[PDB]
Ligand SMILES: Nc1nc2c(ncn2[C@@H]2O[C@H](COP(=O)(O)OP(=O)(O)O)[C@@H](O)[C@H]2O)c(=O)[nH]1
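Here's a solo chain for you in C-alpha cells, the form solved without this ligand.
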C-alpha cells in the first residue's frame, strides 16, 4: 500500500523546487492531479495537468463527498480541488502519492483522509523567510508588512501537522520527504 503525503507550508517557503526534486527521485511518484472548473490552457492535458470538469459536475462531486479538499479560486471565478478516488486507487496499487496544497487544503484533507501524512515545510529560520519575502524590494512597505504578518500566522500552524520538515537545504529536505514517501 502506497503512502499518501500532503505537503504544505507558508506561502513562498520553497515548495515547488522541492516537488520537482521528489518527482525525479521517485520514478513512479503519483503527483495528485487536481480537478478544476476553469478551461484548459493550450498545452495542458486532461488527466495530467488537471482533471477538467464543468461547474455542475464539480458541484455533484462536492455533494457526494468525492473531494478531499476544494476551494474557490480568484474569489469564485472557478473552483479547484483534490479528487479522493485517484488518490485512493493509486495508494491501493502500491504507488506513493504526493498532494501539494495550501494550509487550508491540508487541514481539509486531514478530515477527509486521516491516514494521509501531513507535512509542513518550515524555513530554517525567521530571518531566512523574511529575507525571501523582502526579496529585491520591488513591493511596497504595506505589501511586505502584510506578507510578514501572513508568514507569522502560517508558522503558528506547524503544530497542526503530522510532520515538520525544515527546509535547511534542498537535498536534505527532499531526502526527508523521500523517506516519508517510500
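The term rigid core refers to the most C-alpha atoms you can superpose between the two forms while keeping them within 1.5 Å. Residues that one form lacks are left out of the comparison. Numbering follows the first chain given and starts at 1.
One more form of this protein should be noted, the form deposited with this ligand bound, which is absent from this view; the next part is about it.
Per the 4.5 Å heavy atom criterion, this ligand in the entry with it bound is contacted by stretch 33-41, the sole one of 33-41, 148-156, 112-120, 125-133. Proximity of residue 95 to this ligand in the entry with it bound falls outside the 4.5 Å heavy atom cutoff. When this ligand is considered in the entry with it bound, residue 87 lies well away from it, no heavy atom lying within 4.5 Å. This ligand is not shown here, and in the entry with it bound it never comes within 4.5 Å of any heavy atom of residue 91. Of the residues in 55-84, those that come within 4.5 Å of this ligand in the entry with it bound through at least one heavy atom are, in sequence order, 69, 70, 71, 73, 80, 81, 82. Listed alone, the one run of 3 or more residues present in both forms whose C-alphas shift by at least 2 angstroms between the shown form and the other one, with the core superposed, is 12-14.
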